[PDB]
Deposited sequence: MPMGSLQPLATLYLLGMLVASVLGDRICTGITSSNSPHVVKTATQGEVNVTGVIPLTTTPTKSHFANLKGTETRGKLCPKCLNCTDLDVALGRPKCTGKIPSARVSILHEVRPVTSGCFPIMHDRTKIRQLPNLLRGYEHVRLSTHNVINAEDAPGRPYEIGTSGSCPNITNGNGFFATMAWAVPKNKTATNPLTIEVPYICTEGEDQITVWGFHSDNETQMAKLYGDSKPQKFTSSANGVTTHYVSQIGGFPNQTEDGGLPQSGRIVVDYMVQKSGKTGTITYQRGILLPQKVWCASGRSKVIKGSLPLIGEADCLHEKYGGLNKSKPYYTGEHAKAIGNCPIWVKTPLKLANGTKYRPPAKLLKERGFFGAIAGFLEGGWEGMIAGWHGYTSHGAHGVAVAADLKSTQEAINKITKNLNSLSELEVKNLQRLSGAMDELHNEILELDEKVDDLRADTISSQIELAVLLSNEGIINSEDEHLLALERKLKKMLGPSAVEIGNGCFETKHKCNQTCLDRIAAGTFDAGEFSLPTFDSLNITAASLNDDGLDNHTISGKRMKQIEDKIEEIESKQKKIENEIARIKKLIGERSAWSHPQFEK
């Protein structure tokens, strides 16, 4: 209206002086992450599994197997998760580190109760299931991962590649993840255990996705992320996902860790990355601003992914003209509704980089589009208020 230190933009008349404004934007502050109000938020994979990480649960560590509660919203904290100690593993030679983050994307996750393969009847038999006391079970003694069976032949000879088929062994509509691997040691020890001293070749096919691996015999890297025990050998661990009703095929040679108890999961869980522990309660979970409580319809700052009762990002501080018409369209602007953005829940940081880059490009473009729409709406509203 008349002269005043408050200015508001209009779609047609541009800048104009008004005798009071109602701010609609606020810049938040980075804060810790809190439990989402009204939804059970997944932090640690198994909260009641003590002294175990997500990779320990995913690989089935002997002393921390337990039920994984279902969750609709989940938090990603470790981009490169680590183990808390069992038989040493070459983590970087495969894609195994992303398995906990893959299971994090499924709402319902459970471990099978029956073995999908009878390890004593697999080709290359007779087998004896060896074990090592690197990671022990409930009673102090030798153990191994619950999702594998270290098969050591009773007859010590070299073999040609052998084939085994992994069937679908749980309810339809649940994608099944099969975890397998192979074990290698130095020359004399492999000559004593398997009867041959040459590298062995492994491969696996599932849904048209094929991988190939060759073992190493000799100098090994120093043990890392394991319960400190002097051991001369170490294992390579991989996983393959099978969809509904689809079987898998594995070709192998001496030193195979045959799968025993597979993970198969269903549903979809909203995944956003953050940090632990979850402290308190928050209306919205912002990927860069931590746990935020919604107080105003819009916010200004660094745009990022969010889950929950969140405000909508804008690029400039918007103001609504002031001084029942003002209240009539104040709720209308506050009642705008936009769908939220999350990770793809199936695109891994290590494996799928171009897809994630395209995803962030789409996120930025949508942010700009909705910001422009909101600015146009605010100009229309306050232009109507002024007139």
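Notebook entry, point to check: Which runs of the deposited chain sequence never show up in the coordinates?
Noted result: Residues missing from the model, as numbered along the full deposited sequence, span 1-32, 356-413, 478-601.
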